[PDB]
Amino acid sequence: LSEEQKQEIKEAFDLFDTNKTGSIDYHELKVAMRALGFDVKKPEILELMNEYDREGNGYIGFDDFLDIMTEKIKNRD
């Protein structure tokens, strides 16, 4: 991506990073996915990240979050 583009994404990431590590947990994803704009509720929200989750479970890296903010547009169908 370009850095201007990532900034849109990361400005949200810096915001939702409440755990303070530059890595987001499903705890924080709730308000993140909200700002993005989906509708999953509790059951589908932790499983949401769990499906794409890394070798860690619960947390993810900026790159993993990026393909999500790029998810709904790159596959906007």
# chains A, B, ... in the order shown; residues from 1 in each chain; ligands from 1
$ select_by_dssp --residues "chain A" --states "strand (DSSP E or B)" --output "MDAnalysis selection string"
chainID A and resid 23:25 59:61
$ select_by_dssp --residues "chain A" --states "alpha helix (DSSP H)" --output "ChimeraX atom specification"
/A:3-16,26-36,41-52,62-69,71-74
$ residues_around --residues "range 47-51 of chain A" --least-positions-apart "3" --cutoff "12 Å" --atoms "only C-alpha atoms" --output "ChimeraX atom specification"
/A:24-30,32-33,38-44,54-61,64-65,67-68
$ closest_residue --among "A:12, A:31, A:1, A:46" --to "residue 70 in chain A" --atoms "only C-alpha atoms"
A:1
$ atom_distance --atom1 "CA of residue 72 in chain A" --atom2 "CA of residue 36 in chain A"
9.1 Å
$ residues_around --residues "residue 10 in chain A" --least-positions-apart "4" --cutoff "8 Å" --atoms "only C-alpha atoms" --output "PyMOL selection string"
chain A and resi 6+14+62
$ write_last_selection --atoms "N, CA and C atoms" --output "PDB file, in the first residue's frame"
ATOM      1  N   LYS A   6      -2.282   3.594   4.376  1.00  0.00           N
ATOM      2  CA  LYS A   6      -2.082   2.821   5.583  1.00  0.00           C
ATOM      3  C   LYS A   6      -2.424   3.661   6.804  1.00  0.00           C
ATOM      4  N   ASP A  14      -3.925   2.660  15.890  1.00  0.00           N
ATOM      5  CA  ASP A  14      -3.375   3.362  17.051  1.00  0.00           C
ATOM      6  C   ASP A  14      -4.479   3.691  18.045  1.00  0.00           C
ATOM      7  N   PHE A  62      -0.528  -5.877  12.605  1.00  0.00           N
ATOM      8  CA  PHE A  62      -1.069  -4.822  11.771  1.00  0.00           C
ATOM      9  C   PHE A  62      -1.331  -5.316  10.351  1.00  0.00           C
TER      10      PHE A  62
END
$ atom_distance --atom1 "CA of residue 17 in chain A" --atom2 "CA of residue 77 in chain A"
28.6 Å
$ atom_distance --atom1 "CA of residue 73 in chain A" --atom2 "CA of residue 45 in chain A"
19.3 Å
$ closest_residue --among "A:7, A:35, A:76, A:66" --to "residue 52 in chain A" --atoms "only C-alpha atoms"
A:66
